[PDB]
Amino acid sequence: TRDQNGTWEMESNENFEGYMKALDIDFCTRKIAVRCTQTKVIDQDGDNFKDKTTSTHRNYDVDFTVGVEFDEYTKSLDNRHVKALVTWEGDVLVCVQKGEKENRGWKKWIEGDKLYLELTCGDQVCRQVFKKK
């Protein structure tokens, strides 16, 4: 059928590597690009097409208990092992990530409708904000 309208979720991606290498995309980018699963949204009106494609990768699982030390392998970032410990400070969840990097950790808290996550490493602070679906 000529009807391609709809939302489509990638289930297989054979030889993405060879196609990308043929397109002269550098290996470091190809290694990342094969990990993510594409979603395609097609809006079709006769012979007129709109195609919006995004791609998603899975970062990590992290399971923990407040007050219990745990090894965190940061596979979605720098691929290091840290000994993490999460504690409450009021309503703020505070994590110290013990390891090679000095002053590494994060803070996580709710402010009404929004989740705030502050990541630190050395003198660098990254501030993230999330909203509910």
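Note that residue numbering follows the sequence shown and begins at 1.
- Relative to its counterpart among 88 to 96 and 74 to 82, 74 to 82 has the higher mean temperature factor, C-alpha atoms as listed in the PDB entry.
- Comparing the deposited coordinates for 104 to 112 and 63 to 71, the stretch with the larger average C-alpha B-factor is 104 to 112.
- When the C-alpha B-factors of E11, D123, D24, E14 are read from the PDB record, the largest value belongs to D123.
- Which of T53, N48, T29, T56 has the largest Cα B-factor in the deposited entry comes down to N48.
- Ranked against the other modelled residues of its chain, the C-alpha B-factor of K131 as given in the entry falls in the middle third.
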